[PDB]
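A lone chain, given as structure tokens: the form deposited in one PDB entry.
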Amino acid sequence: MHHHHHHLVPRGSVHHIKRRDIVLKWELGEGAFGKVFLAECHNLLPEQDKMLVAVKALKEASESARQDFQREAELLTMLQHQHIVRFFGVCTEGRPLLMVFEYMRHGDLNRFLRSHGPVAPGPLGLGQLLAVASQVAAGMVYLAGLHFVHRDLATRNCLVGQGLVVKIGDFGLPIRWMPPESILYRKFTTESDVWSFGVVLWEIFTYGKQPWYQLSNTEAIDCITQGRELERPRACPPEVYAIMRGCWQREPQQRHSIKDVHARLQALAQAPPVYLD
């Protein structure tokens, strides 16, 4: 399950949290690897008595999922960046096994985009869309630097916190976000992650619409394999569509580097261009 991350070697140990220090509130969602709960966590940070956290409860026993749980926890503790979801540790005392993350109050970025279409309620402006995009790109620059291939970058896998802080996570094939080599040859690299970033930029600029929404799953596989490109969104300035096109070069080695994509988005976010649909 985590074999593609074998070159990543953990330094220190995973942080352990006592079960009685976690107080579950209510389910936030579930999906692939178990239920996720909002909870209060005690004695985690020396400054605060209690704080809000998101807790993932492992469903299996197993003991194949237990070995995978330990490796996953070792990898998550290695990821420390302003734009990567913050992992606090595990609770391994009894069943179920728990993973604890910093709570992000505004939830997933896909739902956030869809509810702020054409926190401060209302439509996100160009500056805000560029700030979201720049933050996701900053997280992807960090993962590329670590040689960590995400494999499922999409707005549904990003979280929004206080003050519109955006962080990348992975909550559980995502064919519509994949380049041809990933669909056809299962080749997942820093370059397939940059292609998925281009699709995330398209999601941001369409306010969370599904890529290839006009097509069935089969039609979308065929279109990606044939090389058809997603259309420029109405809210997307020409400068931003050029970034998307750079991410979508058919040849992986011709795609723009995430460092340059991030730097371009930084320049545009600190600007932004005078564009009106």
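What we label the rigid core is the largest C-alpha set whose atoms superpose within 1.5 Å from one form to the other. Start at 1 with the first residue shown and count on from there.
We do not show the form deposited in another entry, though everything after this point is about it.
Of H147, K187, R95, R105, which one's CA moves 2 Å or more between the shown form and the other one, core aligned?
The displaced C-alpha is that of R95.
Post core alignment: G31 C-alpha displaced by 2 Å or more between the shown form and the other one:
Superposed on the core, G31 moves its C-alpha 2 Å or more between the shown form and the other one.
Would you say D260 moves between the shown form and the other one, meaning its CA shifts by 2 Å or more once the core is fitted?
No, shifts by less than 2 Å.
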